[PDB]
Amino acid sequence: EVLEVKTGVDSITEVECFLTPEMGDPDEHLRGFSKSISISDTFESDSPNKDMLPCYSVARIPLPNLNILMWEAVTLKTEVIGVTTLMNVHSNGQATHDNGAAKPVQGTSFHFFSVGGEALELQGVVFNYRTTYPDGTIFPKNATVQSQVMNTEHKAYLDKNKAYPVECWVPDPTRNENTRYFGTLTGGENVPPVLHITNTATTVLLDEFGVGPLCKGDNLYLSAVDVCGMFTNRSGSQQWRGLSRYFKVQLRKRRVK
């Protein structure tokens, strides 16, 4: 039972932070990148290296202690940080043609963010059920061929940063009543990134009943993926490249029964 919003100067708070991308970080110089992408010969032999696998980002943000009142998330401003880095087409890249600049970051992207009053709820789905996910990651267990389309056994919480690979988990549309999530997968090997920035855009997080995510235990959960595409090295080897995401959330106190 959601009751009235509290008013007064004391009745609002805001959270501001950024989430770093978790692309794999294959050495001490390659934060924000994955390891070079290799191709297994068969579905059966697919055994991706941990450093080759982008993972979901998550932060649990403690809010001011309330107690029954709960913090309600009302608005979000969000932004991908560092979009102009993609203008570095002069570093270790592959010339597009003789004497040309380096091919820029392009290809498959996944841009995703969520705000909730509890951990994002995940459903596991795998491209290839015979993929062996590596030690150090949290992945769909006991996968069967049905896991390639929908296996309801694969339920998890996004409760650990740099652990849940992007490719084998999505938000669970059968749950997540207390989260708002948004994402876009743009495929193709050459697809161009299109990255917009502005400080004038706000997303309202209220549902159809005028209620936003309610923060259980006075914690706010923010999640993100910003795989921007792949960087191609001079040899032609490709690595995922990601960027950080800014969040600013405005919250208000709501009485509940």
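Just count from 1 along the sequence shown to find any residue number. C-alpha atoms forming the largest set that superposes within 1.5 Å between two forms make up the rigid core.
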property: Outlying stretch relative to shown form, 193-201 versus 40-48 in 5 other deposited structures of this protein, C-alpha RMS (core); result: 40-48
property: Missing-residue flag, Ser57, threshold a third of other entries; result: no
property: Check: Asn67 without coordinates in a third or more of other entries; result: yes
property: Residues of the deposited sequence left unbuilt between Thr200 and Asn199; result: none
property: Stretch with the higher entry mean CA B-factor, where the candidates are 40-48 and 185-193; result: 185-193
property: Selected stretch [higher average CA B-factor]: 80-88 or 134-142; result: 134-142
property: Residue selected from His154, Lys162, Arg180, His111 by maximal Cα B factor; result: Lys162
property: Candidate residues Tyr56, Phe209, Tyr221, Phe231, the one whose C-alpha B factor the record puts highest; result: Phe209
property: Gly32, C-alpha B-factor rank within chain (lowest, middle or highest third); result: lowest
property: Third of the chain's Cα B-factor distribution that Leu214 belongs to, per the entry; result: middle
property: Ranked against its chain, the third holding the CA B-factor of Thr75; result: middle
property: B-factor third for the C-alpha atom of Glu118 within its chain; result: middle
property: Chain third (lowest, middle, highest) by recorded CA B-factor, residue given as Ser244; result: lowest
